[PDB]
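Q: The structure that follows is given in the form of structure tokens.
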Amino acid sequence: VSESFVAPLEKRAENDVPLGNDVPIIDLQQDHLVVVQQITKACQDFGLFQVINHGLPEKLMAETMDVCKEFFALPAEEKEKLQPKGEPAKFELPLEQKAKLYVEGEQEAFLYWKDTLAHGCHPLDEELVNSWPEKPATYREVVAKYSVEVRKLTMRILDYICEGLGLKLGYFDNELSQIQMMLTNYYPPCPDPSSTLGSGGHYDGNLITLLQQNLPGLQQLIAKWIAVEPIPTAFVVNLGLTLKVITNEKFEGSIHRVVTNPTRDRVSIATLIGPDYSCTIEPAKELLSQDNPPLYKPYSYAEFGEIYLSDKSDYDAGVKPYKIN
Ligand SMILES: CN1[C@@H]2C[C@@H](OC(=O)[C@H](CO)c3ccccc3)C[C@H]1[C@@H]1O[C@@H]12
Ligand SMILES: [Fe+2]
Ligand SMILES: [Sr+2]
Ligand SMILES: [Sr+2]
């Protein structure tokens with residue numbers, strides 16, 4: 001492969017990462033309190049779990065994966081229409097909600113073996129959807145329905161989390177969940193998987209992420225890496241760095257990466273929900289005491305975002321400047 005994609009030695013993936021047998025798989029059609037308790041335990045101990053019987057239509061999950069795969073099968077001439085000034089966009093602020101193709105990497109500078117389609121999804125209006133891909137013809141109809149359903153499920157999970165923490169229901173149903181970025185990630189086959197990464201190890205910087213996958217490649221850091229079993233009808237829930245801060249580290253964030261495959265391509269669909277760039281992030285005051293003093297000072301989400309997107313020297317580089325006590 002091109003030297004551009006060669007990861008530094010220490011960041012390269014080992015060839016035989018074991019299945020995470022202890023990744024919680026949570027049935028949302030259990031009794032209400034059982035769901036609250038199992039979600040709370042997974043958030044406290046792991047920061048990554050799967051949800052099944054989650055109420056989002058399996059047909060809609062299949063139709064969305066279909067139209068996302070159809071998008072990445074489009075010819076160059078169509079994909080150029082989402083490359084500002086002839087090039088993929090960068091994950092840097094301002095992060096606009098109009099649809100673009102994105103390149104990603106670390107600055108021993110290297111690129112991730114990944115093409116990403118990203119756009120905002122909330123609130124859904126004519127202007128936003130008109131900024132989405134024109135092809136395939138059904139993308140806008142399908143992804144509009146998908147985005148509304150994934151948000152519905154994410155807000156249910158956040159309210160289970162509220163009940164587990166002892167926060168009032170709807171605590172996150174405000175500026176803290178105003179941004180909904182849908183990242184469709186395309187990992188083409190890689191001739192040298194031993195040297196490349198689909199994505200380096202990271203927390204998602206936002207509040208919470210729901211991830212739809214049907215093929216292997218997602219791994220979690222627990223410093224042992226484990227493989228997250230693809231369940232095509234499930235969502236992987238990744239707790240974000242923002243939720244780690246707001247819970248005053250009562251909850252773990254998900255540190256995850258994606259490895260490349262030499263033979264087959266992979267598409268994943270990540271719905272990243274989190275604060276507006278104008279938000280102030282701090283540990284929830286309702287949970288603080290002399291026994292539980294704040295571990296972070298209040299900070300600008302915009303200021304955090306700039307560091308999070310640029311500085312990859314450590315997983316929590318984004319929040320290091322705001323650590324106290
Ligand atoms: C692999 N990268 C990581 C970093 C990057 O994430 C983002 O762009 C999110 C989008 O809301 C973001 C969160 C907080 C602040 C700013 C930006 C793109 C992908 C994704 O998995 C994360
Ligand atoms: Fe991620
Ligand atoms: Sr180009
Ligand atoms: Sr347009």
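Going through the structure tokens in order, the chains are called A, B, and so on, while each chain numbers its residues from 1 and the ligands are numbered from 1 in the order shown.
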Find the spatial neighbours of residue 207 (chain A), counting only C-alpha atoms, within a cut-off of 8 Å - ignore same-chain residues fewer than 2 positions away - and output them as number ranges by chain.

A: A: 176-177, 204-205, 209, 239-243, 272-275

Q: Show me which residues are within 12 Å of ligand 2 counting only C-alpha atoms and all ligand atoms, and format the list as a short mmCIF file (atom, residue, chain, number, x, y, z; two decimals) with C-alpha atoms, in the first residue's frame.

A:
data_model
loop_
_atom_site.label_atom_id
_atom_site.label_comp_id
_atom_site.auth_asym_id
_atom_site.auth_seq_id
_atom_site.Cartn_x
_atom_site.Cartn_y
_atom_site.Cartn_z
CA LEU A 48 -19.80 -0.42 24.79
CA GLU A 104 -9.38 11.06 8.09
CA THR A 116 -16.68 8.47 5.03
CA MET A 181 -24.05 13.30 12.38
CA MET A 182 -24.60 10.15 10.28
CA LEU A 183 -21.20 8.74 9.19
CA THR A 184 -21.44 6.00 6.51
CA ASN A 185 -17.93 4.40 6.64
CA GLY A 198 -9.70 1.56 9.10
CA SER A 199 -9.61 3.95 12.11
CA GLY A 200 -7.11 4.42 14.98
CA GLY A 201 -8.19 3.83 18.60
CA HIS A 202 -10.46 6.68 19.81
CA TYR A 203 -13.38 7.71 21.99
CA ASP A 204 -16.23 9.19 19.95
CA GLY A 205 -16.02 12.83 21.19
CA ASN A 206 -19.85 13.29 21.23
CA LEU A 207 -22.46 12.10 23.82
CA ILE A 208 -23.48 8.67 22.42
CA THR A 209 -23.10 6.77 19.10
CA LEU A 210 -25.29 3.98 17.62
CA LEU A 211 -23.37 1.86 15.08
CA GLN A 212 -24.90 -0.62 12.58
CA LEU A 218 -14.73 -3.22 15.03
CA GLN A 219 -12.43 -3.73 18.08
CA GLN A 220 -12.59 -2.29 21.64
CA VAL A 236 -23.60 -1.23 18.97
CA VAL A 237 -23.91 1.59 21.56
CA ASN A 238 -20.58 3.50 22.02
CA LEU A 239 -20.63 5.93 25.03
CA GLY A 240 -18.85 9.19 24.10
CA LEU A 241 -16.15 11.25 25.87
CA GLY A 253 -16.38 5.79 27.23
CA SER A 254 -15.92 3.25 24.38
CA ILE A 255 -12.31 3.28 23.04
CA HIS A 256 -12.68 1.50 19.64
CA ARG A 257 -10.80 1.05 16.33
CA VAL A 258 -11.52 -0.60 12.93
CA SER A 268 -20.82 0.61 8.76
CA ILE A 269 -23.42 3.28 9.69
CA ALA A 270 -22.55 5.42 12.76
CA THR A 271 -25.16 7.90 14.18
CA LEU A 272 -23.11 10.30 16.39
CA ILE A 273 -25.48 12.30 18.65
CA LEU A 309 -10.12 16.43 16.03
CA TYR A 315 -7.40 8.99 23.74
#

Q: Around ligand 4, at most 8 Å away and counting only C-alpha atoms and all ligand atoms, which residues are there? Put them as a VMD selection string, please.

A: chain A and resid 130 to 134

Q: Smallest atom-to-atom distance to ligand 1: which of A:292, A:178, A:196, A:247, using only C-alpha atoms and all ligand atoms?

A: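 The shortest atom-to-atom distance to ligand 1 comes from A:178.
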
Q: If I take CA of residue 27 (chain A) and CA of residue 158 (chain A), how far is one from the other in Å, to one decimal?

A: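 One can read the CA of residue 27 (chain A) to CA of residue 158 (chain A) distance as 15.6 Å.
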
Q: Within region 75-128 of chain A, find each residue whose DSSP state, derived from the backbone, is alpha helix (DSSP H), and express the selection as a ChimeraX atom specification.

A: /A:76-79,126-128

Q: Residues within 9 Å of ligand 3, counting only C-alpha atoms and all ligand atoms: report them as a ChimeraX atom specification.

A: /A:76-77,79-80,83-88

Q: Mind writing the picked residues with N, CA and C atoms as a tab-separated table (two decimals), in the first residue's frame?

A:
chain	number	residue	atom	x	y	z
A	76	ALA	N	-16.93	7.50	-9.87
A	76	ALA	CA	-16.14	8.70	-9.53
A	76	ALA	C	-16.93	9.97	-9.84
A	77	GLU	N	-17.52	10.08	-11.04
A	77	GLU	CA	-18.14	11.34	-11.51
A	77	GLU	C	-19.26	11.77	-10.55
A	79	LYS	N	-19.42	10.78	-7.14
A	79	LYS	CA	-18.78	11.02	-5.82
A	79	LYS	C	-18.07	12.38	-5.80
A	80	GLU	N	-17.56	12.87	-6.94
A	80	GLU	CA	-16.89	14.20	-7.02
A	80	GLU	C	-17.84	15.31	-6.55
A	83	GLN	N	-17.16	16.23	-2.99
A	83	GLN	CA	-15.75	16.56	-2.70
A	83	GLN	C	-15.54	18.05	-2.92
A	84	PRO	N	-15.60	18.89	-1.86
A	84	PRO	CA	-15.42	20.33	-2.02
A	84	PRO	C	-14.06	20.63	-2.66
A	85	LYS	N	-14.05	21.41	-3.74
A	85	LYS	CA	-12.82	21.85	-4.45
A	85	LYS	C	-12.00	20.64	-4.90
A	86	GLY	N	-12.65	19.52	-5.24
A	86	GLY	CA	-12.03	18.37	-5.93
A	86	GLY	C	-11.44	17.33	-4.99
A	87	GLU	N	-11.58	17.53	-3.67
A	87	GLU	CA	-10.94	16.74	-2.58
A	87	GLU	C	-11.97	16.38	-1.52
A	88	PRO	N	-11.88	15.21	-0.83
A	88	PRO	CA	-12.65	14.99	0.38
A	88	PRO	C	-12.42	16.10	1.42

Q: Near region 30-33 of chain A, counting only C-alpha atoms, which residues have an atom at most 10 Å away, once you skip same-chain residues fewer than 3 positions from it, shown as a ChimeraX atom specification?

A: /A:26-27,36-39,53,160,163-164

Q: What's the separation between CA of residue 287 (chain A) and CA of residue 165 (chain A), in Å to one decimal place?

A: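 Distance between the two atoms: 8.0 Å.
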
Q: Write out as number ranges by chain which residues come within 12 Å of residue 127 (chain A) when counting only C-alpha atoms, dropping same-chain ones fewer than 6 positions away.

A: A: 97-99, 120-121

Q: Please write the residues from the selection above to a file, keeping N, CA and C atoms, as a short mmCIF file (atom, residue, chain, number, x, y, z; two decimals), in the first residue's frame.

A:
data_model
loop_
_atom_site.label_atom_id
_atom_site.label_comp_id
_atom_site.auth_asym_id
_atom_site.auth_seq_id
_atom_site.Cartn_x
_atom_site.Cartn_y
_atom_site.Cartn_z
N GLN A 97 -23.20 20.50 8.19
CA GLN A 97 -24.21 19.42 8.23
C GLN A 97 -24.56 18.98 6.81
N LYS A 98 -24.21 19.76 5.78
CA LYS A 98 -24.42 19.36 4.38
C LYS A 98 -23.56 18.12 4.10
N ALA A 99 -24.03 17.24 3.23
CA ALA A 99 -23.35 15.97 2.88
C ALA A 99 -22.01 16.27 2.20
N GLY A 120 -25.43 16.02 8.67
CA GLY A 120 -26.36 16.21 9.80
C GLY A 120 -27.70 15.58 9.49
N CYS A 121 -28.48 15.27 10.53
CA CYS A 121 -29.82 14.63 10.40
C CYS A 121 -30.88 15.29 11.28
#

Q: Looking at only C-alpha atoms and all ligand atoms, which of A:227, A:246, A:179, A:155 is the one that sits closest to ligand 1?

A: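 For ligand 1, the nearest of the candidates is A:179.
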
Q: Which residue is closest to ligand 1? Choose from A:186, A:322, A:139, A:72 and count only C-alpha atoms and all ligand atoms.

A: A:186

Q: Determine, counting only C-alpha atoms, which protein, DNA and RNA residues have an atom within 7 Å of an atom of residue 24 (chain A); residues of the same chain fewer than 2 positions away are not included. Present the result as a list in words.

A: residues 22, 26, 42, 49 and 50 of chain A
